[PDB]
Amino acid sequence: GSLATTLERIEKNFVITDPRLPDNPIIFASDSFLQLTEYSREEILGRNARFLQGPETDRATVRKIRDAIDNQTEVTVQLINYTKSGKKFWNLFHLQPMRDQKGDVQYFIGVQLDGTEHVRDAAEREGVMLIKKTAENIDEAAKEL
């Protein structure tokens, strides 16, 4: 296999960032996230996740994420992102603070569910439900590894 840490071999798209470092950069990126975005681990470690955004990315939506991060709360949005070679995809994204025992935020987990289109109605509610559950499982798993 590759040089992923064991945590990064969990078969979901996510990255984990450290808000205690300047500009809240990625410290983990799953192999699945790397396959999705076409980036290698080498070129995105230590970088803010905002490199995923491009011309069509709604800036108000991105602001919704940053508001959540500043307040150390979770959020779910749908935004347009871009692969390394610049190919558009819809990203049903979920952010959630990773806390320790006493409830203090230590890191951020971010989960991506990729799609060719903006999901709406039932299909979006189903989507929101799923990635929240995935984010919960990833949190739980990281604490075991």
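All residue numbers are counted from 1 along the displayed sequence.
- Comparing 19-27 with 129-137, the higher mean C-alpha B-factor in the PDB entry belongs to 129-137.
- Remark: stretch with higher mean C-alpha B factor among 114-122 and 49-57 is 114-122.
- By the numbers in the PDB entry, the CA B factor is greatest at 85 among 91, 85, 40, 76.
- The PDB entry assigns residue 36 a C-alpha temperature factor belonging to the highest third of its chain's modelled residues.
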